[PDB]
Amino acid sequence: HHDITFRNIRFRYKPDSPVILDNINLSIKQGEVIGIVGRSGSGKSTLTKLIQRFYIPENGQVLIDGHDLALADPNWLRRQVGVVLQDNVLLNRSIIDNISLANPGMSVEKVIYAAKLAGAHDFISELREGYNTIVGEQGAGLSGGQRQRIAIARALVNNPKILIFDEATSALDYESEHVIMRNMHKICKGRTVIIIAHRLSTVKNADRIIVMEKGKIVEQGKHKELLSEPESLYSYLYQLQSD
């Protein structure tokens, strides 16, 4: 049973504009953890935008659970997917308000549980003002890696069946990165997960890696299989990022 299916997807952003996704066919099993890699501008984030029906393909179908998103209730869709956003923790509002920024009146218990999964609860709990701390530089002045764990907590708070990690746009501090990687199996448990990976190493242990180039899936498989394919783009990108 595939939680996410693309059939012959063709997409461009505007009537005259270039084709960004070209005959995308992909079927992701429930619970699979998938890494998506490739050069800048290869269409990685575009693929994830279509999962959320932020844009509509000119050809082909996106299905979640066998449900064509053309027909699906948009409120149902918003509830199926949690996205770990970059640069979206609002400095002028509380930690709890940043985590619950979808159903304001939702329980402190649900917030704390998401924060526990995300590896944020412990540091929030040692702040003078706790969850009521104003995130920003005058309030508690959290680090980028602390804000990122808050961003994970937000994505998780409504228990999404699909979790998408947007591509990292900043390097995280050691302790945050360590806590997140130590907690990934807990974060991902029971969910279908898509990680758009800036650094290939991030997704080495994903179930499958999808390699995009110029709007096409050119390669796909486990890390070791992709390295075994002669002259693979994956091997080339790995080589480029190597010490």
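We number the residues from 1 along the sequence you see.
190-198 and 172-180 differ in mean CA B-factor, and the higher of the two is recorded for 172-180. Relative to its counterpart among 153-161 and 133-141, 133-141 has the higher mean temperature factor, C-alpha atoms as listed in the PDB entry. When the Cα B-factors of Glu225, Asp16, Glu231, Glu219 are read from the PDB record, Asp16 comes out highest. Ranked by C-alpha B-factor against the other modelled residues of its chain, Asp87 falls in the highest third. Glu109 sits in the highest third of its chain by CA B factor, as recorded in the PDB entry.
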